[PDB]
>>> print(open('input.cif').read())   # mmCIF, C-alpha atoms
data_protein
#
loop_
_atom_site.group_PDB
_atom_site.id
_atom_site.type_symbol
_atom_site.label_atom_id
_atom_site.label_comp_id
_atom_site.auth_asym_id
_atom_site.auth_seq_id
_atom_site.Cartn_x
_atom_site.Cartn_y
_atom_site.Cartn_z
ATOM 1 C CA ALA A 2 -28.934 -24.348 14.011
ATOM 2 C CA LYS A 3 -25.890 -24.012 11.749
ATOM 3 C CA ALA A 4 -22.438 -22.613 12.507
ATOM 4 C CA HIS A 5 -21.284 -20.542 9.538
ATOM 5 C CA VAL A 6 -17.544 -21.269 9.418
ATOM 6 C CA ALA A 7 -14.889 -21.094 6.714
ATOM 7 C CA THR A 8 -11.241 -21.946 6.087
ATOM 8 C CA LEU A 9 -8.541 -19.621 4.753
ATOM 9 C CA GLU A 10 -6.167 -22.194 3.224
ATOM 10 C CA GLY A 11 -4.150 -21.351 0.108
ATOM 11 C CA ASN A 12 -0.915 -19.597 -0.749
ATOM 12 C CA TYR A 13 0.875 -17.563 -3.407
ATOM 13 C CA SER A 14 4.389 -19.026 -3.393
ATOM 14 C CA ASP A 15 3.055 -22.366 -4.656
ATOM 15 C CA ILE A 16 2.664 -20.857 -8.137
ATOM 16 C CA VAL A 17 6.103 -19.184 -8.213
ATOM 17 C CA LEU A 18 8.805 -21.184 -6.438
ATOM 18 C CA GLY A 19 11.665 -18.870 -7.411
ATOM 19 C CA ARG A 20 12.697 -15.849 -9.436
ATOM 20 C CA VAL A 21 15.759 -14.402 -11.101
ATOM 21 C CA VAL A 22 16.075 -10.971 -9.481
ATOM 22 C CA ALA A 23 17.749 -8.325 -11.629
ATOM 23 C CA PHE A 24 19.802 -5.763 -9.719
ATOM 24 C CA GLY A 25 18.236 -3.132 -11.982
ATOM 25 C CA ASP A 26 14.527 -3.153 -12.802
ATOM 26 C CA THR A 27 13.006 -5.670 -10.387
ATOM 27 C CA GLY A 28 9.924 -5.826 -12.634
ATOM 28 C CA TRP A 29 11.842 -7.434 -15.494
ATOM 29 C CA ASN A 30 9.931 -10.690 -14.972
ATOM 30 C CA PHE A 31 6.381 -9.314 -15.303
ATOM 31 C CA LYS A 32 4.011 -7.608 -17.734
ATOM 32 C CA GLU A 33 0.624 -5.931 -17.343
ATOM 33 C CA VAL A 34 -2.331 -6.436 -19.691
ATOM 34 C CA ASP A 35 -6.045 -5.604 -19.521
ATOM 35 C CA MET A 36 -8.090 -8.733 -18.905
ATOM 36 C CA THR A 37 -11.826 -9.063 -18.359
ATOM 37 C CA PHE A 38 -12.505 -9.510 -14.649
ATOM 38 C CA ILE A 39 -16.256 -10.130 -14.463
ATOM 39 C CA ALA A 40 -17.948 -12.324 -17.050
ATOM 40 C CA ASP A 41 -19.100 -10.240 -19.998
ATOM 41 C CA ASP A 42 -22.721 -11.456 -20.134
ATOM 42 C CA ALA A 43 -23.198 -12.481 -16.488
ATOM 43 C CA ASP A 44 -24.889 -10.525 -13.702
ATOM 44 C CA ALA A 45 -23.389 -7.682 -11.670
ATOM 45 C CA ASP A 46 -22.242 -9.952 -8.801
ATOM 46 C CA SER A 47 -20.891 -12.877 -10.864
ATOM 47 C CA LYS A 48 -17.440 -13.145 -9.322
ATOM 48 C CA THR A 49 -14.581 -13.734 -11.736
ATOM 49 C CA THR A 50 -13.869 -17.240 -13.003
ATOM 50 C CA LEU A 51 -10.174 -16.343 -13.272
ATOM 51 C CA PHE A 52 -7.872 -18.132 -10.839
ATOM 52 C CA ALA A 53 -4.183 -17.772 -10.070
ATOM 53 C CA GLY A 54 -2.090 -20.001 -12.318
ATOM 54 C CA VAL A 55 -4.216 -19.754 -15.469
ATOM 55 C CA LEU A 56 -2.209 -19.406 -18.670
ATOM 56 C CA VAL A 57 -2.794 -16.134 -20.517
ATOM 57 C CA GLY A 58 -1.822 -15.191 -24.045
ATOM 58 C CA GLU A 59 -0.109 -11.952 -24.978
ATOM 59 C CA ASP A 60 -3.466 -10.571 -26.166
ATOM 60 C CA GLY A 61 -4.660 -10.775 -22.547
ATOM 61 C CA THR A 62 -7.379 -13.384 -22.981
ATOM 62 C CA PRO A 63 -7.009 -16.596 -20.944
ATOM 63 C CA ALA A 64 -5.211 -19.270 -22.933
ATOM 64 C CA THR A 65 -7.187 -22.140 -24.447
ATOM 65 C CA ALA A 66 -4.519 -23.877 -26.564
ATOM 66 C CA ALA A 67 -0.799 -24.459 -26.137
ATOM 67 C CA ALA A 68 -0.040 -22.116 -29.039
ATOM 68 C CA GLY A 69 -1.917 -19.275 -27.323
ATOM 69 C CA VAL A 70 0.072 -19.289 -24.077
ATOM 70 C CA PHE A 71 2.375 -16.423 -23.103
ATOM 71 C CA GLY A 72 2.433 -16.203 -19.291
ATOM 72 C CA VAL A 73 0.913 -17.090 -15.935
ATOM 73 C CA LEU A 74 -1.589 -14.928 -14.071
ATOM 74 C CA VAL A 75 -0.222 -14.202 -10.589
ATOM 75 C CA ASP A 76 -2.121 -10.993 -9.867
ATOM 76 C CA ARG A 77 -2.652 -10.065 -6.224
ATOM 77 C CA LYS A 78 -6.353 -9.508 -6.925
ATOM 78 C CA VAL A 79 -6.994 -13.230 -7.540
ATOM 79 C CA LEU A 80 -4.814 -14.817 -4.868
ATOM 80 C CA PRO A 81 -6.575 -17.123 -2.380
ATOM 81 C CA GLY A 82 -7.864 -15.547 0.813
ATOM 82 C CA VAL A 83 -7.963 -11.981 -0.545
ATOM 83 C CA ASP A 84 -10.609 -12.494 -3.246
ATOM 84 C CA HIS A 85 -12.983 -9.870 -1.810
ATOM 85 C CA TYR A 86 -13.426 -8.089 -5.172
ATOM 86 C CA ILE A 87 -17.014 -9.327 -5.449
ATOM 87 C CA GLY A 88 -19.402 -7.027 -7.297
ATOM 88 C CA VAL A 89 -16.825 -4.212 -7.458
ATOM 89 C CA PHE A 90 -16.589 -4.357 -11.256
ATOM 90 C CA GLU A 91 -19.189 -4.099 -13.990
ATOM 91 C CA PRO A 92 -19.810 -7.098 -16.278
ATOM 92 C CA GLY A 93 -17.225 -7.280 -19.044
ATOM 93 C CA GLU A 94 -15.122 -4.471 -17.573
ATOM 94 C CA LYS A 95 -11.393 -4.461 -18.256
ATOM 95 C CA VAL A 96 -8.686 -4.323 -15.595
ATOM 96 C CA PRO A 97 -4.859 -4.515 -15.758
ATOM 97 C CA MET A 98 -3.528 -7.894 -14.611
ATOM 98 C CA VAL A 99 0.042 -8.855 -13.740
ATOM 99 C CA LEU A 100 1.509 -11.690 -15.821
ATOM 100 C CA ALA A 101 4.666 -13.658 -15.032
ATOM 101 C CA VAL A 102 6.686 -14.238 -18.195
ATOM 102 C CA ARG A 103 10.408 -14.890 -17.773
ATOM 103 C CA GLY A 104 12.891 -15.798 -15.066
ATOM 104 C CA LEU A 105 10.541 -17.918 -12.942
ATOM 105 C CA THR A 106 10.725 -21.368 -11.344
ATOM 106 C CA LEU A 107 7.070 -22.254 -11.832
ATOM 107 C CA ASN A 108 5.058 -25.215 -10.530
ATOM 108 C CA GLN A 109 3.749 -27.477 -13.287
ATOM 109 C CA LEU A 110 0.796 -28.901 -11.360
ATOM 110 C CA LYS A 111 -0.826 -25.482 -10.830
ATOM 111 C CA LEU A 112 -0.713 -24.405 -14.490
ATOM 112 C CA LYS A 113 -4.073 -24.883 -16.191
ATOM 113 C CA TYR A 114 -5.920 -23.661 -19.261
ATOM 114 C CA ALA A 115 -8.964 -21.388 -19.249
ATOM 115 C CA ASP A 116 -11.316 -24.309 -18.563
ATOM 116 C CA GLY A 117 -9.021 -25.763 -15.879
ATOM 117 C CA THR A 118 -7.392 -28.435 -18.048
ATOM 118 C CA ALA A 119 -3.795 -29.096 -17.050
ATOM 119 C CA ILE A 120 -0.884 -27.859 -19.146
ATOM 120 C CA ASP A 121 0.506 -30.202 -21.802
ATOM 121 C CA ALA A 122 3.917 -30.778 -23.358
ATOM 122 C CA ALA A 123 3.386 -28.145 -26.056
ATOM 123 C CA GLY A 124 2.402 -25.635 -23.386
ATOM 124 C CA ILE A 125 5.511 -26.585 -21.420
ATOM 125 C CA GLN A 126 7.703 -25.929 -24.461
ATOM 126 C CA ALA A 127 6.005 -22.622 -25.250
ATOM 127 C CA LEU A 128 6.262 -21.372 -21.664
ATOM 128 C CA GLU A 129 9.869 -22.521 -21.202
ATOM 129 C CA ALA A 130 10.900 -20.828 -24.451
ATOM 130 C CA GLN A 131 10.746 -17.511 -22.572
ATOM 131 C CA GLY A 132 13.359 -18.771 -20.097
ATOM 132 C CA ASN A 133 11.176 -20.423 -17.458
ATOM 133 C CA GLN A 134 11.837 -23.630 -15.529
ATOM 134 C CA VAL A 135 8.645 -25.646 -15.019
ATOM 135 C CA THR A 136 9.381 -27.998 -12.125
ATOM 136 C CA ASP A 137 7.373 -31.221 -12.019
ATOM 137 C CA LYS A 138 7.889 -32.171 -8.349
ATOM 138 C CA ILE A 139 6.682 -30.428 -5.208
ATOM 139 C CA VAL A 140 6.644 -32.543 -2.066
ATOM 140 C CA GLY A 141 3.032 -32.016 -1.054
ATOM 141 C CA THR A 142 1.695 -32.789 2.397
ATOM 142 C CA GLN A 143 -0.349 -35.325 4.337
ATOM 143 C CA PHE A 144 -2.065 -33.670 7.276
ATOM 144 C CA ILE A 145 -3.813 -36.332 9.411
ATOM 145 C CA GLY A 146 -4.779 -39.847 8.349
ATOM 146 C CA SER A 147 -4.611 -41.616 11.729
ATOM 147 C CA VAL A 148 -1.930 -43.709 10.003
ATOM 148 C CA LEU A 149 0.298 -41.200 8.200
ATOM 149 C CA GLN B 57 -0.270 -2.541 -9.540
ATOM 150 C CA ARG B 58 1.715 -4.076 -6.690
ATOM 151 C CA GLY B 59 4.248 -6.397 -8.312
ATOM 152 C CA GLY B 60 4.280 -5.229 -11.913
ATOM 153 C CA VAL B 61 6.833 -3.243 -13.865
ATOM 154 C CA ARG B 62 8.023 0.045 -12.371
ATOM 155 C CA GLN B 63 8.701 3.449 -13.970
ATOM 156 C CA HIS B 64 11.872 5.344 -14.844
ATOM 157 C CA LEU B 65 13.306 8.858 -15.168
ATOM 158 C CA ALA B 66 15.455 9.232 -18.290
ATOM 159 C CA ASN B 67 15.450 12.859 -19.480
ATOM 160 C CA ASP B 68 17.958 15.723 -19.458
ATOM 161 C CA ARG B 69 19.340 18.535 -21.609
ATOM 162 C CA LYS B 70 22.330 20.878 -21.567
ATOM 163 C CA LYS B 71 23.794 23.851 -23.420
ATOM 164 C CA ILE B 72 26.952 25.953 -23.289
ATOM 165 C CA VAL B 73 27.837 29.234 -24.990
ATOM 166 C CA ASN B 74 30.720 31.716 -25.010
ATOM 167 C CA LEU B 75 30.749 35.496 -25.448
ATOM 168 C CA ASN B 76 33.199 38.394 -25.630
ATOM 169 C CA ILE B 77 33.444 41.606 -23.583
ATOM 170 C CA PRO B 78 33.687 45.278 -24.684
ATOM 171 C CA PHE B 79 36.062 47.993 -23.446
ATOM 172 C CA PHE B 80 35.354 51.523 -22.178
ATOM 173 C CA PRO B 81 38.196 53.981 -21.461
ATOM 174 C CA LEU B 82 38.143 57.558 -20.209
ATOM 175 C CA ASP B 83 41.012 59.914 -19.416
ATOM 176 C CA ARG B 84 41.813 63.557 -18.712
ATOM 177 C CA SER B 85 44.914 65.675 -18.132
ATOM 178 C CA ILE B 86 45.528 68.935 -16.267
ATOM 179 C CA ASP B 87 48.188 71.519 -17.137
ATOM 180 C CA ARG B 88 49.744 74.386 -15.193
ATOM 181 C CA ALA B 89 47.720 77.028 -17.036
ATOM 182 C CA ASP B 90 44.449 75.562 -15.745
ATOM 183 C CA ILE B 91 45.063 76.244 -12.035
ATOM 184 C CA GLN B 92 47.690 78.961 -11.594
ATOM 185 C CA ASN B 93 46.561 82.587 -11.184
ATOM 186 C CA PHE B 94 42.872 81.655 -10.684
ATOM 187 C CA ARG B 95 40.508 81.575 -7.729
ATOM 188 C CA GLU B 96 38.392 78.701 -6.556
ATOM 189 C CA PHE B 97 34.960 79.472 -7.926
ATOM 190 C CA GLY B 98 32.948 79.560 -4.703
ATOM 191 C CA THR B 99 35.394 81.098 -2.228
ATOM 192 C CA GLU B 100 36.064 84.638 -3.521
ATOM 193 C CA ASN B 101 39.734 85.439 -2.878
ATOM 194 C CA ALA B 102 41.116 82.013 -1.937
ATOM 195 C CA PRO B 103 43.703 80.809 -4.487
ATOM 196 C CA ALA B 104 43.072 77.864 -6.778
ATOM 197 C CA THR B 105 44.572 74.495 -5.845
ATOM 198 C CA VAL B 106 45.308 71.352 -7.837
ATOM 199 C CA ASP B 107 43.560 69.041 -5.368
ATOM 200 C CA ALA B 108 40.142 70.661 -5.792
ATOM 201 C CA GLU B 109 40.327 70.341 -9.578
ATOM 202 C CA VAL B 110 41.500 66.728 -9.309
ATOM 203 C CA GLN B 111 38.620 65.810 -6.998
#
>>> encode(input="input.cif", output="structure tokens")
Amino acid sequence: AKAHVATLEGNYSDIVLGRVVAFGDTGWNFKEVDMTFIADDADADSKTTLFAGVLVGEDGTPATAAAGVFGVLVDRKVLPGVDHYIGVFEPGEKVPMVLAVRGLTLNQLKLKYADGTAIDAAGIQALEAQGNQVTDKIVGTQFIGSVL
Amino acid sequence: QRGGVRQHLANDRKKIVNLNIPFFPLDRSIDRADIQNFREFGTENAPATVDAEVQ
């Protein structure tokens, strides 16, 4: 016998540590573009490879090089623990995604390219040019080692 | 979507115009010769009076 069990770990704040909140339009820090949710040539139930924290260019495609970076994907539809949008979209279908652009205190360690490669110095410069602070130090946690 | 940019309401229009007004008078006078020595039309012998003509 097997006990089908799962864990719901993960969080949203880890990708956006802080924001500059404008007393006017509170959406000043974001932009919406139409990305591809399900893989274009995959099957009908091939859940999206997109993950929160992936750099996205202004054209909407996930970034692959430092020069092609414009923002960070922080859409609610991709956050951990709420990724139930499995098979709800046709292959290659477009969908508007929320991008974080300016006025953010981001976390460096969670920024990655399309393939998962970590962000580099050129990417840091390009992303900070919009007015973003890419912090390089979050404390982290050690849960139980029997020593520390 | 929940979190993205919001919408706004930024339209309006106004106008203002001025016009004049016309004038309409009307007046009549009554002399002695109109009433004295005459009857009131629908009362046979009763003498004419100024008040009936005025009304």
>>> resolve_selection(input="input.cif", expression="the PyMOL selection byres ((chain B) within 9 of (chain A))", output="VMD selection string")
chain B and resid 57 to 63
>>> residues_near_point(input="input.cif", point="(43.5, 75.4, -15.7)", cutoff="12 Å", atoms="all atoms listed in the file", output="PyMOL selection string")
chain B and resi 85-96+104-106+108-110
>>> write_last_selection(input="input.cif", atoms="C-alpha atoms", output="short mmCIF file (atom, residue, chain, number, x, y, z; two decimals), in the frame of the given file")
data_model
loop_
_atom_site.label_atom_id
_atom_site.label_comp_id
_atom_site.auth_asym_id
_atom_site.auth_seq_id
_atom_site.Cartn_x
_atom_site.Cartn_y
_atom_site.Cartn_z
CA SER B 85 44.91 65.68 -18.13
CA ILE B 86 45.53 68.94 -16.27
CA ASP B 87 48.19 71.52 -17.14
CA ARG B 88 49.74 74.39 -15.19
CA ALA B 89 47.72 77.03 -17.04
CA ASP B 90 44.45 75.56 -15.74
CA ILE B 91 45.06 76.24 -12.04
CA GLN B 92 47.69 78.96 -11.59
CA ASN B 93 46.56 82.59 -11.18
CA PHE B 94 42.87 81.66 -10.68
CA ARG B 95 40.51 81.58 -7.73
CA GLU B 96 38.39 78.70 -6.56
CA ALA B 104 43.07 77.86 -6.78
CA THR B 105 44.57 74.50 -5.84
CA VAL B 106 45.31 71.35 -7.84
CA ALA B 108 40.14 70.66 -5.79
CA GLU B 109 40.33 70.34 -9.58
CA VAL B 110 41.50 66.73 -9.31
#
>>> atom_distance(input="input.cif", atom1="CA of residue 96 (chain A)", atom2="CA of residue 112 (chain A)")
21.6 Å
>>> resolve_selection(input="input.cif", expression="the PyMOL selection byres ((chain A and resi 40-43) around 6)", output="CSV table (one decimal) with C-alpha atoms, in the frame of the given file")
chain,number,residue,atom,x,y,z
A,39,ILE,CA,-16.3,-10.1,-14.5
A,44,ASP,CA,-24.9,-10.5,-13.7
A,92,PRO,CA,-19.8,-7.1,-16.3
A,93,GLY,CA,-17.2,-7.3,-19.0
>>> closest_residue(input="input.cif", among="A:14, A:131, A:49, A:136", to="residue 108 (chain A)", atoms="all atoms listed in the file")
A:136
>>> closest_residue(input="input.cif", among="A:141, A:104, A:54, A:81", to="residue 116 (chain A)", atoms="all atoms listed in the file")
A:54
>>> resolve_selection(input="input.cif", expression="the PyMOL selection byres ((chain A and resi 60) around 12)", output="list in words")
residues 32, 33, 34, 35, 36, 37, 56, 57, 58, 59, 61, 62, 63, 64, 69, 70, 71, 72, 98 and 100 of chain A
>>> residues_around(input="input.cif", residues="residue 123 (chain A)", least_positions_apart="3", cutoff="8 Å", atoms="all atoms listed in the file", output="number ranges by chain")
A: 67-68, 126-127
>>> atom_distance(input="input.cif", atom1="CA of residue 111 (chain A)", atom2="CA of residue 16 (chain A)")
6.4 Å
>>> residues_near_point(input="input.cif", point="(9.8, -19.0, -9.2)", cutoff="9 Å", atoms="all atoms listed in the file", output="list in words")
residues 14, 15, 16, 17, 18, 19, 20, 21, 104, 105, 106, 107, 108, 133, 134 and 135 of chain A
>>> axis_aligned_box(input="input.cif", around="region 128-139 of chain A", padding_each_side="4 Å", output="JSON")
{"center_x": 9.8, "center_y": -24.8, "center_z": -14.8, "size_x": 15.1, "size_y": 22.7, "size_z": 27.2}
